[PDB]
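1. I would like the atomic coordinates for the input below:
(one chain, ligands or ions: 2)
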Amino acid sequence: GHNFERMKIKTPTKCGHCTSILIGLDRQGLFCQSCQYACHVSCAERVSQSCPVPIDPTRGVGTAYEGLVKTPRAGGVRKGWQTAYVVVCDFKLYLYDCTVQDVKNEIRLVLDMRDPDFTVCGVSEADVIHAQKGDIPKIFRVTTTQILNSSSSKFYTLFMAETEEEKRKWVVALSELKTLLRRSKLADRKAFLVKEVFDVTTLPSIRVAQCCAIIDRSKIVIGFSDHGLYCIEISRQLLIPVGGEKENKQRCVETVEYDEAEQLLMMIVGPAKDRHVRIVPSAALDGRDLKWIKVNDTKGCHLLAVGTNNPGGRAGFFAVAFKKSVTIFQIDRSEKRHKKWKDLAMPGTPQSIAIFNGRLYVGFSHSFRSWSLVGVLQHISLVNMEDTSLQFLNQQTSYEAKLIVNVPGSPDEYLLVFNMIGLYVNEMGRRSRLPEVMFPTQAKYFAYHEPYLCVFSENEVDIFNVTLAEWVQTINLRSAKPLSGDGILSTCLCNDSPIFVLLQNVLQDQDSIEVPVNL
Ligand SMILES: [Zn+2]
Ligand SMILES: [Zn+2]
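-> Numbers count the residues shown, from 1 in each chain. Ligands and ions are numbered 1, 2, ... in the order given. Have a look at this structure:
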């Protein structure tokens, strides 16, 4: 029988069992080597076991076309077209960079026909004012994600075919697939709608916003690069310096977390040369003069974590990360509202930090470790090196820890999210699911909003249901960047001007914040 091995796929490659491209940045499928068969880890279980072996409209799986097109360089048609490699797969368009002929297995753009606003058509000269006249009949335009409530509103991508005849082929072939998909009546698995909240006229300070957190439906706080922390009462349309104006003069607020049970705001403050942590009672949200409390000996910090799901709802901890150590601080009811609890030496430089369920979690390059904070000292790796299927992590030099998720619905299971993969382990540190979450493109940011992992890249946010280990949505946005720790409040460019968007969970019966209606 086959001798499968986890393989880094170097070029866009169809699964031998289902024909879908093996997307991802690392370990994208299994490869046999005895017979050269390549396939998804999840597909291997149904491949014939005899080794040299002799778009699906329902389930929505399969590669349909693999071709070359031209597409504008980053910046527009005025600067010229460049040859790219397009794959139509799983009712999606995969755009790849290429060089005439070396194609890497990194997608630069995904266009999902499951998008409510997917359309493809030709263009008039007014839609592409800069294309050469003789080129207009060769160009087609694909539309996807609409930004609701916007003040244009839709993500558009232009492709130029080699002939007008090939252009019409492209338009017709993508339309028939969209129509096939619509008729297939596949369940809607999308996670988010995108809603514009503020633009540069309603929030001119948007260009220097660095972070934000939700207080409740009616108000958020936003940290700015030079003006501190402000509380926005959205419906009242009011901008209130947290702790008063004196506290927010020439103050650089880089991150902000809100602890609702304890009524505390916790911040990484400062220009790089005096980065440190400050916390303040959220009574300060109303603009009263109230001095932000300095957390002593947090200079040079690079991460801050406030604990969630504290056991029994106790006040709990926050932790500050340094280059080779972490300090844990206990929240309390004294004047300072906190106290140093414990210094922890770290095996390497923390790359991610979190506290939840009474445990501290720190990620490094190729591991995560946890320290129990209840019953206290006791360090536990989340990867048991007696699991032969996990030993590959020690042999990695390029991995970076991003975040860890306790899987919703699987309390004894964790998703370890690296720059390259998402890996599932149980509480013993052994592998708990054979397939690994793949990301189509190199991520610029990761955020998590239960149960959705949100992976931000240049042209889209890709959404993963952590419970199902399923890629459920592609949200095309231009240079999206999360503002809140959980990403659902983000910024992005709309007609090259910055806007503030909410990623609204379509399963809720009300928006996460009150959205002002844009008319
Ligand atoms: Zn084989
Ligand atoms: Zn497959």
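2. C-alpha only now, for contacts and for neighbours.
-> Fine.
3. so where's the longest helix in the protein?
-> Identified as the longest helix of the chain according to DSSP state H is helix 164-184.
4. from the contact counts, what lies against that helix?
-> strand 119-122, strand 139-146 (3 or more C-alpha pairs under 8 Å, 6 or more residues apart in numbering; DSSP states H and E).
5. need the three-state assignment for residue 394.
-> Put simply, residue 394 is helix when judged by DSSP: H, G, I helix; E, B strand; the rest coil.
6. distance of the most centrally placed residue in the chain from ligand 2?
-> In the chain, the centroid-proximal residue (C-alpha atoms, centre = their mean) is residue 455; its distance is 2.0 Å. From residue 455 over to ligand 2 the distance is 22 Å, taken as C-alpha to the ion, to the nearest Å.
7. hang on, the earlier thing: for the longest helix of the chain, buried residues please.
-> For helix 164-184, a neighbour-count test (16 or more other C-alpha atoms under 10 Å) marks 164, 167, 168, 170, 171, 173, 174, 175, 177, 178, 180, 181 as buried.
8. isn't residue 473 right up against residue 190?
-> Yes. Contact criterion C-alpha atoms under 8 Å: residue 473 and residue 190 qualify, at 5.3 Å.
9. okay, now residue 69: neighbour count?
-> 18 (other C-alpha atoms under 10 Å).
10. list the contacts of it.
-> 83, 84, 85, 86, 159, 160, 161, 162 (C-alpha atoms under 8 Å, 6 or more residues apart in numbering).
11. element containing it?
-> strand 63-72 (DSSP states H and E).
12. does that strand reach ligand 2?
-> No. Strand 63-72 lies apart from ligand 2 when judged by C-alpha under 5 Å from the ion; the minimum separation is 10.4 Å.
13. so which bits of that strand are buried?
-> 63, 64, 68, 69, 70, 71, 72.
14. can you map out the strands along the stretch 101-250 of the chain?
-> Assigned by DSSP state E, counting those that start in this stretch, the strands in the stretch 101-250 of the chain fall at 107-112, 119-122, 139-146, 154-160, 192-198, 209-216, 219-224, 228-233, 238-241.
15. can you give me the distance of the closest residue in space to residue 506 that isn't next to it in sequence to residue 407?
-> Spatially, and ignoring its direct neighbours in sequence, residue 506 is nearest to residue 192 (5.5 Å; C-alpha to C-alpha, 6 or more residues apart in numbering). Counting by C-alpha to C-alpha, to the nearest Å, the separation of residue 192 from residue 407 is 19 Å.
16. now residue 36
-> 35 Å.
17. between these two, which is the more surrounded one?
-> Just comparing residue 36 and residue 407: by other C-alpha under 10 Å the higher neighbour count belongs to residue 407, 21 against 13.
18. and which of the buried residues of strand 63-72 is nearest to ligand 1?
-> Using C-alpha to the ion, residue 63 comes nearest to ligand 1 of the buried residues of strand 63-72, at 22.1 Å.
19. what sits against that closest one?
-> Per C-alpha under 8 Å, 6+ apart, neighbours of residue 63: 14, 19, 20, 21, 55, 87, 88, 89, 90.
20. over to the closest residue to the first one other than its chain neighbours: give its phi and psi.
-> With C-alpha to C-alpha, 6+ apart as the measure, residue 21 is the residue that lies nearest to residue 14, at 4.3 Å, once sequence neighbours are left out. Summarising the backbone geometry of residue 21 under the convention degrees, to the nearest 10, its torsions are phi -60, psi 140.
21. residue 13 is in contact with residue 21, correct?
-> Yes. With contact defined as C-alpha under 8 Å, residue 21 reaches residue 13; the gap is 5.2 Å.
22. return the residues of the stretch 1-150 of the chain in contact with ligand 2.
-> 15, 18, 40, 43.
23. can I get these in JSON lines including neighbour count?
-> Output for these, formatted as JSON lines (neighbours: other C-alpha atoms under 10 Å):
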{"residue": "15", "neighbour count": "23"}
{"residue": "18", "neighbour count": "16"}
{"residue": "40", "neighbour count": "25"}
{"residue": "43", "neighbour count": "16"}
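24. which residues touch residue 164?
-> Shown in contact with residue 164 (C-alpha under 8 Å, 6+ apart): 137, 138, 139.
25. rebuild the residues you listed as CSV, extending it with neighbour count.
-> Output for the contacts of residue 164, formatted as CSV (neighbours: other C-alpha under 10 Å):
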residue, neighbour count
137, 19
138, 19
139, 27
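26. including distance to residue 464, could those go into CSV?
-> Formatted as CSV, these follow (distance: C-alpha to C-alpha, whole Å):
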residue, distance to residue 464
137, 38
138, 35
139, 33
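27. nearest to residue 416 among these?
-> residue 139 (42.4 Å; C-alpha to C-alpha).
28. looking at it, the closest one is touching residue 165, isn't it?
-> No. Counting by C-alpha under 8 Å, residue 139 stays clear of residue 165, with 10.9 Å between them.
29. helix/strand/coil for residue 273?
-> helix.
30. now the nearest residue to residue 141 once chain neighbours are set aside: how far from residue 312?
-> Nearest non-adjacent residue to residue 141, counting by C-alpha to C-alpha, 6+ apart: residue 158, 4.5 Å away. In this view, residue 158 and residue 312 are 54 Å apart by C-alpha to C-alpha.
31. who has more neighbours, these two?
-> Per other C-alpha under 10 Å, whichever of residue 158 and residue 312 has more neighbours is residue 158, with 21 against 9.
32. and residue 89, what is it in contact with?
-> 20, 21, 55, 61, 62, 63, 64, 65.
33. which residues does the fifth one contact?
-> Going by C-alpha under 8 Å, 6+ apart, residue 62 touches 18, 19, 20, 21, 55, 56, 89, 90.
34. save the residues you listed as TSV, and put in distance to residue 263 and secondary structure too.
-> Converted to TSV, the contacts of residue 62 look like this (distance: C-alpha to C-alpha, whole Å; DSSP: H, G, I helix; E, B strand; the rest coil):
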residue	distance to residue 263	secondary structure
18	52	coil
19	53	coil
20	49	coil
21	49	strand
55	53	coil
56	52	strand
89	49	strand
90	47	coil
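35. pull the most distant pair out of the residues you listed.
-> 21 and 56 (13.5 Å).
36. which of these two has more residues huddled nearby?
-> Neighbour count, other C-alpha under 10 Å: between residue 21 and residue 56, residue 21 has more, with 25 against 18.
37. no further questions, thank you.
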